[PDB]
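**Student:**
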Amino acid sequence: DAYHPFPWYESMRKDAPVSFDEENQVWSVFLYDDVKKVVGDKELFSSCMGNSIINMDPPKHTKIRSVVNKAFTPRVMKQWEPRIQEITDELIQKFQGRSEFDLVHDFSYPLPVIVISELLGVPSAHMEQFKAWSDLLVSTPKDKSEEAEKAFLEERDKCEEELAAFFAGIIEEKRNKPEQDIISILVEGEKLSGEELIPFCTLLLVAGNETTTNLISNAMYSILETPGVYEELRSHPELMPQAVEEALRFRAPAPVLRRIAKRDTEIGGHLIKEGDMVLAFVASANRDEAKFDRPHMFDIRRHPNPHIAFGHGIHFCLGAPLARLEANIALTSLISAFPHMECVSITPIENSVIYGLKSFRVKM
Ligand code: HEM
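For the sequence shown, the numbering used here gives the first residue as 35, with consecutive numbering after it.
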């Protein structure tokens with residue numbers, strides 16, 4: 035099913051590592067070296083596809099990225115660890131007494147949304163409206179592709195335009211009364227306009243909510259499926275940062291990244307024409323035998339672990355430290371609260387560009 039793409043990746047790495055789809059006119063790249071080159075080579079492969087920095091090339095990207103780095107420094111993450119912990123503990127309290135529960139609905143789905151709202155300075159008396167927007171951001175164009183996509187895109191514009199106005203309001207607020215949130219930090223050289231700041235805030239939801247949820251779900255799944263690891267982590271919570279890196283390698287939430295060739299060039303010995311679209315499967319790269327010893331094994335001690343779950347190069351995930359922090363806290367906290375846990379059932383997300391779970395039911 036959609037939760038089990040790895041055999042197919044393995045077949046492509048072996049049989050068709052650089053492949054052209056004649057219907058969609060797109061290349062797919064599956065080997066670690068090829069994927070990493072495509073993703074990192076800003077000179078040869080463009081990210082230009084209101085999407086903010088993730089779809090900008092230099093020099094525009096350079097200018098904005100350098101300004102927003104200030105919002106994710108180790109100092110800021112340290113500052114927020116307390117609050118992420120409190121949020122995590124509060125979520126857990128709601129299902130602490132149950133013999134069965136859905137890890138997604140009850141825990142991994144709400145957690146990143148609550149965290150980012152507080153990090154974006156969303157006033158607490160406006161939390162539901164914000165959550166509602168975040169839900170709309172990950173709604174499917176369903177169903178399906180029957181030219182009703184025109185509608186979906188309209189409801190997406192609607193949602194985004196409502197987010198824009200909302201962020202506009204918070205931005206003005208933080209100008210008058212700054213606090214310790216990302217918006218305060220970016221409105222305090224290095225001075226973005228609202229036309230750049232607003233699309234950036236929306237990107238944080240788009241780039242960070244569902245991926246972080248899916249990281250947490252996928253990490254717990256990998257942990258449960260691997261004998262002894264749950265108990266080892268419970269006894270030795272200091273192993274968690276490394277376990278998180280292995281979960282990123284093993285079950286990356288964002289399996290595929292797009293680029294456009296800026297010039298005719300070769301990838302893995304295949305000529306990619308200027309203007310051609312390329313899909314770089316970081317999920318496949320992360321399983322590539324040529325780069326990782328025994329890639330099929332989920333080894334929480336794997337070190338070094340040069341996965342590309344967060345990308346590579348100029349667009350390397352801005353939220354990496356926050357995702358790492360959220361996952362460490364979420365996972366350590368979950369495993370501490372529960373002596374034993376077993377997988378009952380999963381329902382996979384059915385979406386090419388996404389790897390994760392719609393539901394993850396576990397029992398004590
Ligand atoms: C496990 C969780 C996450 C994963 C796996 C992930 C993955 C990625 C990847 C692969 C890229 C590179 C895109 C490319 O090269 O085309 C990226 C970029 C980005 N991510 Fe993340 N992400 C995660 C969480 C987050 C969070 C929590 C945030 C913010 C709150 C965030 C914000 C961003 C932004 C703003 C970019 C664009 C950076 C740039 O273009 O310079 N991500 N992410």
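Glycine included, C-beta positions come from ideal geometry on N, C-alpha and C.
#1: Should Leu305 go down as buried or exposed, given a rule of 16 or more other Cβ atoms within 10 Å for buried?
#2: What are the start and end residues of the alpha helix (DSSP H) that includes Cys193?
#3: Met254 to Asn362, Cα distance in whole Å?
#4: What is the DSSP secondary structure of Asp55, reduced to helix, strand or coil?
#5: Nearest-angstrom Cα distance between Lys94 and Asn103?
#6: Within 10 angstroms of its Cβ, does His346 collect 16 or more other Cβ (buried), or is it exposed?
#7: Are the beta-carbon atoms of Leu352 and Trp61 separated by less than 8 Å?
#8: List the DSSP bridge partners of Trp167.
#9: Measuring alpha carbon to alpha carbon, tell me which of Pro144, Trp167, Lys211 and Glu376 ends up nearest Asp191.
#10: Does at least one heavy atom of the ligand HEM sit under 7 Å from the Cβ of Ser81?
#11: May I have the straight-line CA-CA distance separating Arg292 from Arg283, to the nearest angstrom?
#12: Could you compute how far the alpha carbon of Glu272 sits from the alpha carbon of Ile334?
#13: DSSP beta-bridge partners for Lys397?
#14: Relative to the C-alpha of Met161, which residue among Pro144, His270 and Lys176 is closest?
#15: Let me make sure I understand the geometry here. Which of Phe106, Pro146 and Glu181 has the alpha-carbon closest to that of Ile121?
#16: Please determine whether the Cβ atom of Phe284 lies at a distance below 7 Å from any heavy atom of the ligand HEM.
#17: Going by Cα to Cα distance, which pick from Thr381, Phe350 and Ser251 is closest to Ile369?
#18: Drop a sphere of 10 angstroms on the beta-carbon of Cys82, count the other beta-carbons inside from all chains shown, and report buried for 16 or more, exposed for fewer.
#19: Under the criterion of a Cβ to heavy atom distance below 7 Å, does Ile348 qualify as lining the ligand HEM?
#20: I want to check one thing, is the minimum distance from the CB of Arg321 to the heavy atoms of the ligand HEM below 7 Å?
#21: Runs of 4 residues minimum, wholly inside the region 267-355: which ones carry the alpha helix (DSSP H) assignment?
#22: Between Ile380 and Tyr37, is the Cβ-Cβ spacing less than 8 Å?
#23: Can you tell me whether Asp136 is buried or exposed? The criterion is at least 16 other CB atoms within 10 Å of its CB, across all chains shown.
#24: How far does the alpha helix (DSSP H) with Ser256 in it extend, from its first residue to its last?
#25: If I measure Cβ to Cβ from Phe129 and keep anything under 6 Å in the same chain, skipping five residues before and after, which residues do I get?
#26: Under 8 Å: do the region 198-208 and the region 70-81 share three or more Cβ pairs, one atom per stretch?
#27: Is the beta carbon of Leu231 less than 8 Å from the beta carbon of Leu220?
#28: If you measure from the CB of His38, is any heavy atom of the ligand HEM nearer than 7 Å?
#29: Could you pull out every unbroken alpha helix (DSSP H) segment of at least 4 residues lying fully inside the region 41-118, listed in chain order?
#30: Using alpha carbons as the reference points, say which of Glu384, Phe394 and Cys235 lies closest to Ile98.
#31: Can you check which of these residues, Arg395, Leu65 and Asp55, is closest to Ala324 by C-alpha distance?
#32: Let me make sure I understand the geometry here. Which of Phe106, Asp49 and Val63 has the alpha-carbon closest to that of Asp215?
#33: Measuring only from the beta carbon, is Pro287 closer than 7 Å to any heavy atom that is part of the ligand HEM?
#34: Rank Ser367, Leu197, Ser158 and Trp114 by C-alpha distance to the C-alpha of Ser269 and give the top, closest one.
#35: In the DSSP output, which residue or residues are listed as bridge partners for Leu154?
#36: State the Cα-Cα distance for the pair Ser256 and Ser393, rounded to the nearest angstrom.
**Tutor:** By the coordinates alone:
#1: If you number the sequence shown from 1, residue 305 lands on position 271. Label assigned to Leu305: exposed.
#2: Here residue 193 is taken as the residue at index 159 of the sequence shown, counted from 1. From DSSP, the alpha helix (DSSP H) with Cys193 extends over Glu183 to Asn210.
#3: Here residue 254 corresponds to residue number 220 of the sequence shown, with the count starting at 1. Here residue 362 corresponds to residue number 328 of the sequence shown, with the count starting at 1. So the alpha carbons of these two residues sit roughly 11 Å apart.
#4: Taking the sequence shown and counting its residues from 1, the one referred to as residue 55 is at position 21. In the structure shown, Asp55 sits in a strand (DSSP, three-state: E or B).
#5: Along the sequence shown, one-based indexing puts residue 94 at 60. Along the sequence shown, one-based indexing puts residue 103 at 69. Going from the Cα of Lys94 to the Cα of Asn103 covers about 15 Å.
#6: Translated into the one-based positions of the sequence shown, residue 346 becomes position 312. Result: buried.
#7: Residue numbering aside, residue 352 sits at position 318 when the sequence shown is read from its first letter. Residue numbering aside, residue 61 sits at position 27 when the sequence shown is read from its first letter. Their beta carbons are not under 8 Å apart, which means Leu352 does not touch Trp61 by this criterion.
#8: The residue you call residue 167 lines up with position 133 of the sequence shown. Answer is none; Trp167 lacks a bridge partner.
#9: Position 157 of the sequence shown, counted from the start, is the residue given in the question as residue 191. The candidate whose alpha carbon is nearest that of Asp191 is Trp167.
#10: Taking the sequence shown and counting its residues from 1, one reaches residue 81 at position 47. True, at least one ligand heavy atom lies under 7 Å from that Cβ.
#11: As a first step, residue 292 is located in the sequence shown; it is residue number 258 there, counting from the start. As a first step, residue 283 is located in the sequence shown; it is residue number 249 there, counting from the start. Going by the C-alpha atoms only, they are around 19 Å apart.
#12: Translated into positions along the sequence shown, residue 272 becomes position 238. Translated into positions along the sequence shown, residue 334 becomes position 300. Between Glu272 and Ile334, the C-alpha separation is close to 11 Å.
#13: For this step, residue 397 is matched to residue 363 along the sequence shown. Paired residues: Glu134 and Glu376.
#14: The count along the sequence shown starts at 1 and reaches residue 161 at position 127. Out of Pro144, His270 and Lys176, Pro144 has the C-alpha closest to the C-alpha of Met161.
#15: Here residue 121 refers to the residue found at position 87 of the sequence shown. The shortest C-alpha separation from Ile121 is found at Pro146.
#16: In the sequence shown, counting from the first residue as 1, residue 284 sits at position 250. No, Cβ of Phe284 sits at least 7 Å from all heavy atoms of the ligand HEM.
#17: Position 335 of the sequence shown, counted from the first residue, corresponds to residue 369. For the residues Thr381, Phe350 and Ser251, the minimum Cα distance to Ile369 belongs to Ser251.
#18: Locating residue 82 in the sequence shown gives position 48, counting from the first residue. When all chains shown are included, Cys82 counts as exposed.
#19: For the purposes of this step, residue 348 is taken as residue 314 along the sequence shown, with counting starting at 1. Yes, the ligand HEM has a heavy atom inside 7 Å of this Cβ.
#20: Counted from its first residue, the sequence shown places residue 321 at position 287. No, the ligand HEM has no heavy atom inside 7 Å of this Cβ.
#21: 274-284 and 316-319
#22: In the sequence shown, residue 380 corresponds to position 346, counting from 1. In the sequence shown, residue 37 corresponds to position 3, counting from 1. Result yes, Cβ atoms of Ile380 and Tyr37 sit closer than 8 Å.
#23: For the purposes of this step, residue 136 is taken as the residue at position 102 of the sequence shown. Buried: at least 16 other Cβ atoms inside 10 Å.
#24: Here residue 256 is taken as the residue at index 222 of the sequence shown, counted from 1. Note, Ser256: alpha helix (DSSP H), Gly228 to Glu259.
#25: If you number the sequence shown from 1, residue 129 lands on position 95. Here the set comprises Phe135 and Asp140.
#26: no
#27: Working through the sequence shown from its first residue, we reach residue 231 at position 197. Working through the sequence shown from its first residue, we reach residue 220 at position 186. In contact: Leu231 and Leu220 (Cβ atoms closer than 8 Å).
#28: Along the sequence shown, one-based indexing puts residue 38 at 4. Not under cutoff, so the answer is no.
#29: 66-74 and 94-102
#30: By one-based count along the sequence shown, residue 98 stands at place 64. Answer by Cα proximity: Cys235.
#31: By one-based count along the sequence shown, residue 324 stands at place 290. Ranking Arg395, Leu65 and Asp55 by Cα distance to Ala324 puts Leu65 first.
#32: Position 181 of the sequence shown, counted from the first residue, corresponds to residue 215. Cα-wise, what sits closest to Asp215 is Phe106.
#33: By 1-based counting over the sequence shown, the position of residue 287 is 253. Yes; taking the cut-off as 7 Å, the Cβ of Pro287 has a heavy atom of the ligand HEM nearer than that.
#34: The residue given as residue 269 occupies position 235 in the sequence shown. Comparing Cα positions, the closest option is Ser367.
#35: Position 120 of the sequence shown, counted from the first residue, corresponds to residue 154. Looking at the DSSP assignment, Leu154 forms no beta bridge with any residue, so it has no partner.
#36: Here residue 256 is taken as the residue at index 222 of the sequence shown, counted from 1. Here residue 393 is taken as the residue at index 359 of the sequence shown, counted from 1. Each residue's Cα considered, the two are about 15 Å apart.
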